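*Asks:* Protein chains in written order, with the authors' numbering: chain 1H, 2 to 175; chain 1E, 1 to 204; chain 19, 1 to 37; chain 1N, 1 to 140; chain A, 2 to 17.
The beta carbon of each residue, even a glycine, is placed where N, CA and C say it ideally should be.
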Amino acid sequence: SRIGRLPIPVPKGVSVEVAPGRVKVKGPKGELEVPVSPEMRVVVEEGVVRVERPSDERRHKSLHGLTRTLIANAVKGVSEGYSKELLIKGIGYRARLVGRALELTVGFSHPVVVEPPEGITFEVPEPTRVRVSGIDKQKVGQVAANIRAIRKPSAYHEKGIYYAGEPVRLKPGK
Amino acid sequence: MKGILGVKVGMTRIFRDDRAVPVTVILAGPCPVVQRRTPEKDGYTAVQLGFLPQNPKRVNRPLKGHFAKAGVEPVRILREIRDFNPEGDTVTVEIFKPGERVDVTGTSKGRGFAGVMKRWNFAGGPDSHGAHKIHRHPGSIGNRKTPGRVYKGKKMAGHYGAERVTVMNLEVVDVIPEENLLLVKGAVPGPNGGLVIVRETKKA
Amino acid sequence: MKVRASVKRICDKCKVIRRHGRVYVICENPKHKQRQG
Amino acid sequence: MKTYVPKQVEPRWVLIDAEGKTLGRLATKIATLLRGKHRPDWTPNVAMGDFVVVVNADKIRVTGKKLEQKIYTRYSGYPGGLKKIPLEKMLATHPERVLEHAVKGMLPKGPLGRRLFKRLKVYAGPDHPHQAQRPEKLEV
Amino acid sequence: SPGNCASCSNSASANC
RNA sequence: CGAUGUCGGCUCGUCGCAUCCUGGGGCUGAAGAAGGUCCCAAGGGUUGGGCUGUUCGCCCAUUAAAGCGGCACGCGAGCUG
RNA sequence: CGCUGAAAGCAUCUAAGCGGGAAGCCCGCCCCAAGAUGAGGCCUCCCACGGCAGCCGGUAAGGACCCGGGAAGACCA
Ligand SMILES: [Mg+2]
Ligand SMILES: [Mg+2]
Ligand SMILES: [Mg+2]
Ligand SMILES: [Mg+2]
Ligand SMILES: [Mg+2]
Ligand SMILES: [Mg+2]
Ligand SMILES: [Mg+2]
Ligand SMILES: [Mg+2]
Ligand SMILES: [Mg+2]
Ligand SMILES: [Mg+2]
Ligand SMILES: [Mg+2]
Ligand SMILES: [Mg+2]
Ligand SMILES: [Mg+2]
Ligand SMILES: [Mg+2]
Ligand SMILES: [Mg+2]
Ligand SMILES: [Mg+2]
Ligand SMILES: [Mg+2]
Ligand SMILES: [Mg+2]
Ligand SMILES: [Mg+2]
Ligand SMILES: [Mg+2]
Ligand SMILES: [Mg+2]
Ligand SMILES: [Mg+2]
Ligand SMILES: [Mg+2]
Ligand SMILES: [Mg+2]
Ligand SMILES: [Mg+2]
Ligand SMILES: [Mg+2]
Ligand SMILES: [Mg+2]
Ligand SMILES: [Mg+2]
Ligand SMILES: [Mg+2]
Ligand SMILES: [Mg+2]
Ligand SMILES: [Mg+2]
Ligand SMILES: [Mg+2]
Ligand SMILES: [Mg+2]
Ligand SMILES: [Mg+2]
Ligand SMILES: [Mg+2]
Ligand SMILES: [Mg+2]
Ligand SMILES: [Mg+2]
Ligand SMILES: [Mg+2]
Ligand SMILES: [Mg+2]
Ligand SMILES: [Mg+2]
Ligand SMILES: [Mg+2]
Ligand SMILES: [Mg+2]
Ligand SMILES: [Mg+2]
Ligand SMILES: [Mg+2]
Ligand SMILES: [Mg+2]
Ligand SMILES: [Mg+2]
Ligand SMILES: [Mg+2]
Ligand SMILES: [Mg+2]
Ligand SMILES: [Mg+2]
Ligand SMILES: [Mg+2]
Ligand SMILES: [Mg+2]
Ligand SMILES: [Mg+2]
Ligand SMILES: [Mg+2]
Ligand SMILES: [Mg+2]
Ligand SMILES: [Mg+2]
Ligand SMILES: [Mg+2]
Ligand SMILES: [Mg+2]
Ligand SMILES: [Mg+2]
Ligand SMILES: [Mg+2]
Ligand SMILES: [Mg+2]
Ligand SMILES: [Mg+2]
Ligand SMILES: [Mg+2]
Ligand SMILES: [Mg+2]
Ligand SMILES: [Mg+2]
Ligand SMILES: [Mg+2]
Ligand SMILES: [Mg+2]
Ligand SMILES: [Mg+2]
Ligand SMILES: [Mg+2]
Ligand SMILES: [Mg+2]
Ligand SMILES: [Mg+2]
Ligand SMILES: [Mg+2]
Ligand SMILES: [Mg+2]
Ligand SMILES: [Mg+2]
Ligand SMILES: [Mg+2]
Ligand SMILES: [Mg+2]
Ligand SMILES: [Mg+2]
Ligand SMILES: [Mg+2]
Ligand SMILES: [Mg+2]
Ligand SMILES: [Mg+2]
Ligand SMILES: [Mg+2]
Ligand SMILES: [Mg+2]
Ligand SMILES: [Mg+2]
Ligand SMILES: [Mg+2]
Ligand SMILES: [Mg+2]
Ligand SMILES: [Mg+2]
Ligand SMILES: [Mg+2]
Ligand SMILES: [Mg+2]
Ligand SMILES: [Mg+2]
Ligand SMILES: [Mg+2]
Ligand SMILES: [Mg+2]
Ligand SMILES: [Mg+2]
Ligand SMILES: [Mg+2]
Ligand SMILES: [Mg+2]
Ligand SMILES: [Mg+2]
Ligand SMILES: [Mg+2]
Ligand SMILES: [Mg+2]
Ligand SMILES: [Mg+2]
Ligand SMILES: [Mg+2]
Ligand SMILES: [Mg+2]
Ligand SMILES: [Mg+2]
Ligand SMILES: [Mg+2]
Ligand SMILES: [Zn+2]
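1. Under a CB-based cut-off of 9 Å, is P79 (chain 1N) close to chain 1E?
2. Indicate, with yes or no, if ligand 18 has a heavy atom lying under 8 Å from the CB of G142 (chain 1E).
3. Does any residue of chain 1N have a CB that is nearer than 9 Å to the CB of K109 (chain 1E)?
4. Excluding sequence positions up to five away, which residues of its chain have a Cβ less than 6 Å from the Cβ of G66 (chain 1H)?
5. DSSP three-state call for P112 (chain 1H): helix, strand or coil?
6. Can you tell me which of the three DSSP states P177 (chain 1E) falls into?
7. Give the straight-line distance between the Cα atoms of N55 (chain 1E) and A132 (chain 1N), rounded to the nearest whole angstrom.
8. Compute the Euclidean distance between the alpha carbons of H137 (chain 1E) and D174 (chain 1E), then round it to the nearest angstrom.
9. Counting pairs of Cβ atoms below 8 Å between the stretch 122-136 of chain 1E and the stretch 15-24 of chain 19, do you hit three or more?
10. Among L15 (chain 1N), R74 (chain 1N), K7 (chain 1N), whose alpha-carbon lies nearest the alpha-carbon of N45 (chain 1N)?
11. Compare the beta carbon distance of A18 (chain 1N) and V54 (chain 1N) with 9 Å and say whether it is the shorter of the two.
12. What number of angstroms, rounded off, separates the C-alpha of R97 (chain 1H) from the C-alpha of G31 (chain 1H)?
13. In chain order, what residues of the same chain have a beta carbon less than 6 Å from the beta carbon of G36 (chain 1N), not counting five sequence neighbours either side?
14. Considering just the uninterrupted stretch of the beta strand (DSSP E) at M11 (chain 1E), what are its terminal residues?
15. With DSSP run on the structure shown, which of helix, strand or coil describes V188 (chain 1E)?
16. I need the DSSP call for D103 (chain 1E), collapsed to helix, strand or coil.
17. Could you check whether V122 (chain 1N) and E96 (chain 1N) sit closer than 9 Å to each other, using their CB atoms as the reference points?
18. Per DSSP, which one or two residues make a beta bridge with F67 (chain 1E)?
19. I'd like the list of long-range same chain contacts for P3 (chain A), defined as Cβ closer than 8 Å, with 5 residues on each side in sequence excluded.
20. Could you compute how far the alpha carbon of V17 (chain 1H) sits from the alpha carbon of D83 (chain 1E)?
21. Would you list, in sequence order, the uninterrupted alpha helix (DSSP H) runs of no fewer than 4 residues that lie entirely inside the stretch 14-88 of chain 1N?
22. Under 8 Å, CB to CB, which of the residues in the stretch 144-169 of chain 1E have a partner in chain 1N?
23. Mind checking which residues open and close the alpha helix (DSSP H) that includes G66 (chain 1H)?
24. Report the option in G120 (chain 1H), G174 (chain 1H), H111 (chain 1H) whose CA atom is closest to the CA atom of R152 (chain 1H).
25. Quick one, which of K13 (chain 1H), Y94 (chain 1H), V35 (chain 1H), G166 (chain 1H) has its alpha-carbon nearest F109 (chain 1H)'s?
26. Using CA coordinates, which residue listed in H32 (chain 19), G37 (chain 19), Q36 (chain 19) is at the minimum distance from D12 (chain 19)?
27. How many Å lie between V7 (chain 1E) and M117 (chain 1E) at the Cα?
28. In angstroms with no decimal places, state the Cα-to-Cα distance between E100 (chain 1E) and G37 (chain 19).
29. Could you give the DSSP three-state label for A132 (chain 1N): helix, strand or coil?
30. With 16 other CB atoms within 10 Å as the buried threshold, where does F123 (chain 1H) fall?
31. Is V75 (chain 1E) near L182 (chain 1E), with beta carbons less than 9 Å apart?
32. From which residue to which residue does the alpha helix (DSSP H) around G43 (chain 1E) run?
33. Sort out for me which residues DSSP pairs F113 (chain 1E) with in a bridge.
34. Express the C-alpha separation of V9 (chain 1N) and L99 (chain 1N) in angstroms, rounding to a whole number.
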């Protein structure tokens, strides 16, 4: 029934150093800084990072759970890494990689060419399935969201860009 | 941002691809540079251009020393082109080639004291049906006790024209370097003989 | 989006939240989306 | 006896670092310096306050949501000519006006008050050109 | 007109 | 009440926004197209004519649209009457 | 409309933080503008005149007056 007090397992060898209002997480896949409220305290133990709040007032309880997850996400980010998948659906709809870029054919009068931000890598296996990959979890989700917005699921037809595991809830037409 | 000083000479029309293109003809160069405005010295970037030779017997000592430091013959007009730094020390019509687009700044023709119908295209009054001495009059100029005054900027009679006008995005139809001539499609502010400034367009 | 002075839950899936000084009712049924105003 | 009136004094020059100080609470003291009410010979109808140089005016501080919500206002006289500039943008364009506007509204209106405003010299950034006057650094 | 005789102010010339 | 000229039209604007159009939206009993309803938005735009003193209204032909109100039922030391 | 995300093990556009997004807002374009008395800046010219922050005079660089005019203009400019 609590997230802030949940100890953070740390794989080996990802290192986590604490600094005023920022923790620095270094791992195999890269590095990430996590800006932390000075009101919390981040504690490093044997292969385990922990966070403590100074009181039980709501701003401290609210910051507490947040701060633990932000650090846990960076630790998973530099070791496992993060990724999201997108499923293209629709008859003429497909995707292909061009250099490091992502080119979308989703029913417009033109292709749509998405360029990967620094720290993000695009891969197209099947021409109908895209995977967004990176070490920053928010950044991975942001890019994935950006791509999906180019052609959202239709309300009436199984056409458009879909999240992997996104239900197909359609409504009748005539 | 290229620019050059010039004099409006007059209008005609030429024929280009079985079309008649109205042109106004501008005698642009040559424009010697007499001073450069640097960010270190002046806070901005510009060239002071000279234009049209002047009888040295007419040029006072303060001006004559300005020309001296430039190594330039006395000239009748000095105007700056902002954000223009030409490689040479002389600017000529050949900074424009046909097809480019320009903005031309002149002093419009001066109508003196212009009534409200010429200056602001007001509708005047009726010319019959009882209209009493108000045929060219502007009508109401306000409300009543609220606000009991007349807006700043109210359109009223007064001097009109003889003011700076820039007309923009004019196609350069031709340039005749042999004669410092510059043909431009359309109309340009001011009278024949007026001084004009020709600048690369700011439209895209 | 319904916009009204009385924002209430309509079904058991409706959720009352507070975004940027305003009260919303978000829900999986798009008709149940409400903003107070 | 009659109340002592001073002969013309030599004004003091004074330096203040505005960094991190609250806008209104700093302006209150600068106003007091400007009026000279910190002097035991304060006369209400002449200028005898100090000259006040202020640095780092761009790093003045404010509470609440005032960066977004404090609106400076100017009226041109023309129809529809009420302009509105929030604190944020005023700070990002003419940061010295934020302090100047606050001190200005805390000075007396009239000729003397206008002169006293001229004895304020507000600068953004850590430096000022009045080295010649050798201002005494004040703590407020 | 005020003038003539139904009204009586603001509106016509001398007569009195 | 030792006078604060009274409808409408014309002229000239200017403001409000409870928005007629144009721009941005959510919901739709939204297939598409076209609507409905609500939200944001006052930058600009908001036609010509027949009838009547008319304001309004009806009608004709169009329109992206033919918005509603305030300014002494805006404005007669500006006109009309 | 989102991303990430607690309080509240889930969920949440938000409480920390980050995106997208209007003919509207700020710039950008055109014109006025240092009486902006906070009277700005740059280039050039004259200069240490003779008499008891002041006075009277002769000048310097310059300017005005007068005149011939002007697609400038009521006069003025
Ligand atoms: Mg001719
Ligand atoms: Mg040709
Ligand atoms: Mg033709
Ligand atoms: Mg000339
Ligand atoms: Mg001209
Ligand atoms: Mg000119
Ligand atoms: Mg002229
Ligand atoms: Mg003309
Ligand atoms: Mg007229
Ligand atoms: Mg006309
Ligand atoms: Mg005209
Ligand atoms: Mg006109
Ligand atoms: Mg005009
Ligand atoms: Mg008319
Ligand atoms: Mg008419
Ligand atoms: Mg007429
Ligand atoms: Mg007539
Ligand atoms: Mg009559
Ligand atoms: Mg009359
Ligand atoms: Mg007549
Ligand atoms: Mg009139
Ligand atoms: Mg009145
Ligand atoms: Mg009236
Ligand atoms: Mg008034
Ligand atoms: Mg004039
Ligand atoms: Mg003009
Ligand atoms: Mg064109
Ligand atoms: Mg020639
Ligand atoms: Mg939900
Ligand atoms: Mg005494
Ligand atoms: Mg203080
Ligand atoms: Mg003090
Ligand atoms: Mg004082
Ligand atoms: Mg005093
Ligand atoms: Mg604030
Ligand atoms: Mg008072
Ligand atoms: Mg009478
Ligand atoms: Mg009465
Ligand atoms: Mg009387
Ligand atoms: Mg009276
Ligand atoms: Mg009377
Ligand atoms: Mg009276
Ligand atoms: Mg509204
Ligand atoms: Mg409003
Ligand atoms: Mg309504
Ligand atoms: Mg609309
Ligand atoms: Mg729309
Ligand atoms: Mg809609
Ligand atoms: Mg149904
Ligand atoms: Mg249908
Ligand atoms: Mg549709
Ligand atoms: Mg709504
Ligand atoms: Mg509007
Ligand atoms: Mg308005
Ligand atoms: Mg309107
Ligand atoms: Mg009509
Ligand atoms: Mg008829
Ligand atoms: Mg009619
Ligand atoms: Mg009618
Ligand atoms: Mg009426
Ligand atoms: Mg009727
Ligand atoms: Mg009827
Ligand atoms: Mg339409
Ligand atoms: Mg219609
Ligand atoms: Mg109305
Ligand atoms: Mg009223
Ligand atoms: Mg109106
Ligand atoms: Mg009424
Ligand atoms: Mg009535
Ligand atoms: Mg009335
Ligand atoms: Mg009206
Ligand atoms: Mg009358
Ligand atoms: Mg009337
Ligand atoms: Mg009236
Ligand atoms: Mg009146
Ligand atoms: Mg009257
Ligand atoms: Mg009156
Ligand atoms: Mg009559
Ligand atoms: Mg009659
Ligand atoms: Mg009658
Ligand atoms: Mg969601
Ligand atoms: Mg979420
Ligand atoms: Mg926040
Ligand atoms: Mg944003
Ligand atoms: Mg987005
Ligand atoms: Mg446009
Ligand atoms: Mg706005
Ligand atoms: Mg100018
Ligand atoms: Mg000046
Ligand atoms: Mg100037
Ligand atoms: Mg002057
Ligand atoms: Mg001022
Ligand atoms: Mg002064
Ligand atoms: Mg002064
Ligand atoms: Mg000065
Ligand atoms: Mg000056
Ligand atoms: Mg300067
Ligand atoms: Mg002389
Ligand atoms: Mg003359
Ligand atoms: Mg004259
Ligand atoms: Mg004359
Ligand atoms: Zn519901």
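*Replies:* So, from the listed chains and residues:
1. yes
2. no
3. no
4. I4, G5
5. coil
6. helix
7. 49 Å
8. 46 Å
9. no
10. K7 (chain 1N)
11. yes
12. 27 Å
13. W42, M48, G49
14. 3-15
15. coil
16. strand
17. yes
18. Partner(s): none; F67 (chain 1E) has no beta bridge.
19. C9, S10, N11, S12, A13
20. 52 Å
21. 23-35, 66-69
22. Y151, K152, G153
23. 59-80
24. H111 (chain 1H)
25. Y94 (chain 1H)
26. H32 (chain 19)
27. 31 Å
28. 55 Å
29. helix
30. buried
31. no
32. Where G43 (chain 1E) is concerned, there is no enclosing alpha helix (DSSP H), given that its DSSP letter is neither H nor E.
33. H159 (chain 1E)
34. 27 Å
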